[PDB]
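Participant: Handing you a structure now.
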Amino acid sequence: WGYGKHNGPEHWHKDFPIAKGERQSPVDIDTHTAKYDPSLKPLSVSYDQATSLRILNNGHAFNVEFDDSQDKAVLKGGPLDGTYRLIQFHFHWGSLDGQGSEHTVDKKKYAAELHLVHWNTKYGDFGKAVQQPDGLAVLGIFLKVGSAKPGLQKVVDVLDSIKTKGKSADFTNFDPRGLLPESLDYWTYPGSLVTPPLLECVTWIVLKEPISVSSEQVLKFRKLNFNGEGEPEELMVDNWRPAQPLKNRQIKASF
Ligand SMILES: [Zn+2]
């Protein structure tokens with residue numbers, strides 16, 4: 001599987017039948033249709049104690065991994081029940097500024113989208129969590145081209161080091177708080193992972209307010225390779241999936 005012409009998203013259903021399931025992601029967020037839910041509690045993001053370990057290129061993106069052996073970086077409140085632990089964060093981007101995000105707002109596409117992946121600690125390990133309907137909680141944040149995001153530069157500068165698939169580099173003392181927008185207003189719905197196994201275990205939390213990055217920042221993203229070292233170079237661009245049918249599901253708003 002990949003994002004090419006012959007292994008792209010339109011082909012995933014052959015290996016992952018769940019691809020045409022009932023609670024597939026990403027989706028278009030219709031802001032006129034979204035339901036203002038007053039019973040929705042404020043998000044609780046506790047990342048002061050976050051411990052970043054490394055960064056790796058897994059051939060479909062780059063993942064910043066965290067120490068999830070303890071309740072160090074957690075997400076709670078909002079639509080969630082219990083505590084979710086941050087395990088990694090990554091992005092989906094485009095070849096142009098006009099595309100890249102997974103989720104769309106009123107059909108509008110952003111330059112990229114940041115996914116903060118958390119797993120429900122009642123299940124003991126990520127592996128068990130991915131087997132539950134309430135297994136994961138993913139924080140999605142839109143990225144728009146404008147002014148530079150200072151907080152994101154440490155990640156941009158390390159990309160040289162993990163240009164190809166399978167490369168990883170030590171990445172300690174990275175503070176994820178630098179990537180958050182000012183407001184934590186959000187939309188939420190029941191969905192799935194946006195890449196294979198495309199397991200329908202995620203509670204989606206998409207922030208309303210996008211963060212801005214400079215053209216130079218997002219450009220460095222586009223210099224990445226899908227391919228392994230000493231293979232024909234394939235730039236890592238457009239690692240996003242077409243929006244899926246909401247199919248009855250309802251998108252709730254905290255605002
Ligand atoms: Zn993602």
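Chain labels A, B, ... are given in the sequence in which chains occur in the structure tokens; within each chain residues are numbered consecutively from 1, and ligands are likewise numbered from 1 in the order shown.
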Per DSSP on the backbone, what are the strand (DSSP E or B) residues of stretch 57-152 of chain A, as a ChimeraX atom specification?

Facilitator: /A:57,62-66,74-77,84-93,104-105,108,112-120,136-145

Participant: Taking 3 positions as the minimum chain separation for residues in the same chain, which residues sit within 10 Å of stretch 119-124 of chain A when counting only C-alpha atoms? Answer as a ChimeraX atom specification.

Facilitator: /A:68-71,74-76,80-87,127-132,134-138,201-202

Participant: Kindly save the residues from that selection, with N, CA and C atoms included, as a short mmCIF file (atom, residue, chain, number, x, y, z; two decimals), in the first residue's frame.

Facilitator:
data_model
loop_
_atom_site.label_atom_id
_atom_site.label_comp_id
_atom_site.auth_asym_id
_atom_site.auth_seq_id
_atom_site.Cartn_x
_atom_site.Cartn_y
_atom_site.Cartn_z
N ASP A 68 5.53 6.16 26.32
CA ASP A 68 4.16 5.95 26.84
C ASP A 68 4.07 4.83 27.86
N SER A 69 5.08 4.73 28.69
CA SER A 69 5.08 3.69 29.77
C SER A 69 4.45 4.21 31.04
N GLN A 70 4.22 5.46 31.06
CA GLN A 70 3.59 6.16 32.21
C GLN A 70 2.67 7.31 31.70
N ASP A 71 1.78 7.76 32.55
CA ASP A 71 0.87 8.85 32.22
C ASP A 71 1.64 10.19 32.21
N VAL A 74 -0.82 13.21 28.48
CA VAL A 74 -2.21 12.68 28.39
C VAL A 74 -3.21 13.67 27.90
N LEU A 75 -4.28 13.05 27.41
CA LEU A 75 -5.45 13.74 26.88
C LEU A 75 -6.68 13.14 27.59
N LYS A 76 -7.51 14.01 28.10
CA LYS A 76 -8.74 13.56 28.78
C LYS A 76 -9.85 14.68 28.61
N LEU A 80 -14.26 12.18 25.57
CA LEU A 80 -13.61 11.03 26.10
C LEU A 80 -13.98 10.63 27.54
N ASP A 81 -13.80 9.33 27.71
CA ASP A 81 -13.98 8.67 29.01
C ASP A 81 -12.69 8.00 29.38
N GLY A 82 -12.06 8.50 30.43
CA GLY A 82 -10.76 7.93 30.90
C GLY A 82 -9.59 8.72 30.20
N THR A 83 -8.44 8.29 30.47
CA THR A 83 -7.18 8.81 30.08
C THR A 83 -6.56 8.14 28.85
N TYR A 84 -6.12 8.97 27.94
CA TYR A 84 -5.42 8.55 26.66
C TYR A 84 -3.97 9.01 26.67
N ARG A 85 -3.05 8.12 26.38
CA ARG A 85 -1.68 8.45 26.39
C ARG A 85 -1.11 8.69 24.94
N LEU A 86 -0.36 9.78 24.86
CA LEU A 86 0.31 10.15 23.60
C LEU A 86 1.37 9.12 23.34
N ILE A 87 1.36 8.59 22.11
CA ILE A 87 2.34 7.57 21.74
C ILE A 87 3.24 8.14 20.60
N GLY A 127 -1.49 -1.83 21.05
CA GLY A 127 -1.90 -3.00 20.32
C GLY A 127 -3.31 -3.51 20.67
N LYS A 128 -3.67 -3.44 21.93
CA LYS A 128 -4.99 -3.88 22.40
C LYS A 128 -6.04 -2.78 22.15
N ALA A 129 -5.54 -1.56 22.33
CA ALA A 129 -6.36 -0.39 22.13
C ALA A 129 -6.93 -0.31 20.71
N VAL A 130 -6.05 -0.58 19.74
CA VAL A 130 -6.49 -0.57 18.31
C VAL A 130 -7.56 -1.63 18.02
N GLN A 131 -7.92 -2.42 19.03
CA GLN A 131 -8.91 -3.43 18.84
C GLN A 131 -10.24 -3.05 19.49
N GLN A 132 -10.35 -1.83 19.94
CA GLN A 132 -11.54 -1.30 20.60
C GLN A 132 -12.13 -0.08 19.91
N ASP A 134 -13.44 2.38 21.31
CA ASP A 134 -13.02 3.52 22.12
C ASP A 134 -11.50 3.46 22.38
N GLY A 135 -10.83 2.77 21.53
CA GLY A 135 -9.42 2.51 21.60
C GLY A 135 -8.52 3.69 21.49
N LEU A 136 -8.74 4.54 20.46
CA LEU A 136 -7.85 5.69 20.25
C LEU A 136 -8.65 6.98 20.23
N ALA A 137 -7.87 8.05 20.42
CA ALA A 137 -8.31 9.44 20.42
C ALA A 137 -7.23 10.16 19.60
N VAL A 138 -7.60 10.80 18.49
CA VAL A 138 -6.59 11.50 17.66
C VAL A 138 -7.03 13.01 17.60
N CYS A 201 -11.50 2.46 15.33
CA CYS A 201 -11.20 2.60 16.75
C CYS A 201 -10.94 3.98 17.28
N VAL A 202 -11.06 5.00 16.47
CA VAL A 202 -10.68 6.37 16.81
C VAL A 202 -11.88 7.28 17.09
#

Participant: List all protein, DNA and RNA residues that have at least one atom no more than 9 Å from any atom of ligand 1, counting only C-alpha atoms and all ligand atoms, and write them as a PyMOL selection string.

Facilitator: chain A and resi 61+89-92+102+113-117+138+140+193-195+240

Participant: Quick one: everything within 9 Å of residue A:106, counting only C-alpha atoms, minus sequence neighbours fewer than 2 positions away in the same chain. Send it as a compact mmCIF listing (two decimals) with C-alpha atoms, in the first residue's frame.

Facilitator:
# COMPACT_ATOMS: atom_id res chain seq x y z
CA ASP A 28 -15.70 16.69 5.24
CA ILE A 29 -16.86 18.75 8.25
CA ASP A 30 -20.08 20.55 7.23
CA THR A 31 -20.12 23.42 9.68
CA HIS A 32 -23.85 24.15 9.10
CA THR A 104 -11.76 19.23 5.11
CA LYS A 108 -11.82 23.55 2.12
CA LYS A 109 -8.40 21.85 2.16

Participant: Using only C-alpha atoms, which residue out of A:244, A:168, A:161, A:217 lies closest to residue A:58?

Facilitator: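 The shortest atom-to-atom distance to residue A:58 comes from A:168.
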
Participant: As an exercise, work out the distance from atom CA of residue A:218 to atom CA of residue A:241 in Å and give it to one decimal place.

Facilitator: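 Pair atom CA of residue A:218 / atom CA of residue A:241 returns 18.6 Å.
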